[PDB]
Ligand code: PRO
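Read the single chain below, which is given as structure tokens and is the form deposited without the ligand.
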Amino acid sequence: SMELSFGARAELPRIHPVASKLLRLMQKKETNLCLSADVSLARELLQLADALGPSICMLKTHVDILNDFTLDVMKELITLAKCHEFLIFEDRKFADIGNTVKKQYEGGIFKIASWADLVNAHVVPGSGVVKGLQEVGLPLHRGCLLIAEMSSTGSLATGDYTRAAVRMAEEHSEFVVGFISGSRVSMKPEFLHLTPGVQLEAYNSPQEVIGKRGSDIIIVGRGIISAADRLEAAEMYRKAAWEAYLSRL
């Protein structure tokens, strides 16, 4: 008779465990916010995670720009994720053949699969990209997001491409938990939709993204603003996005 809450979706029979965990945290903390940690140093990453952890459901990392990466830094981040209750999403945009991405996900110096709840992939190589990641991620109970649409000028992720991304997700629903897209690309409530939003400040508003287009999670930049202003902004943004979610219910 109506739209499903995040909590209701977390109980669906075919829900992915990582999706369910995420949905329950969103419901509990009343947050739709995925914070982008686009920083170059471990101190910046950990301090941002500590300060803004309470306001977010997810922290999006790029470990390959972290100048002083170590696995110990990642362990500290995981502790913050557990203490403040958010998932870690490594925005690596895996985009190679299956045999290569398997090693890039499990191996090298980053050991991404050992700490990242979620990673994402481009679907251009075909389903082998998902298959390779799944080989590593499934035994570790990880999830994956597929990039189905993009807001950038000249994006080729439209039409049949977007439909192909959705088909891939369905073919690998033991591992793929959702999409990064500008709007809903599937009616199946087990899939999460993450969508870019306007950055924090002291068509991309939470009201349009979450309220009108029905995305689940808004991806927000940290803003070029003070820490005091950032903390205040994060809470105002969280409330606005949450209210938008409630309005659609």
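Each residue number is its position in the shown sequence, starting from 1.
The protein also exists as the form deposited with the ligand bound; that form is not presented, and the subsequent description refers to it.
Steric access to the site is blocked in the shown form: after superposition of the site C-alphas, the ligand as positioned in the deposited complex has three or more atoms within 2.4 Å of backbone or C-beta atoms. This chain appears without its partner; in the deposited complex, the one residue of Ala81, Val73, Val166, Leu138 with a heavy atom within 4.5 Å of the ligand is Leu138. For the chain shown alone, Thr162 is not a contact residue for the ligand in the deposited complex, no non-hydrogen atom being within 4.5 angstroms. The closest heavy atom approach of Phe175 to the ligand in the deposited complex falls within 4.5 Å.
At a distance threshold of 4.5 angstroms between non-hydrogen atoms, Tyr105 is in contact with the ligand in the deposited complex.
Heavy atoms closer than or equal to 4.5 Å to the ligand in the deposited complex belong, across 114 to 135, to the residues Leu133, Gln134, ordered by sequence position.
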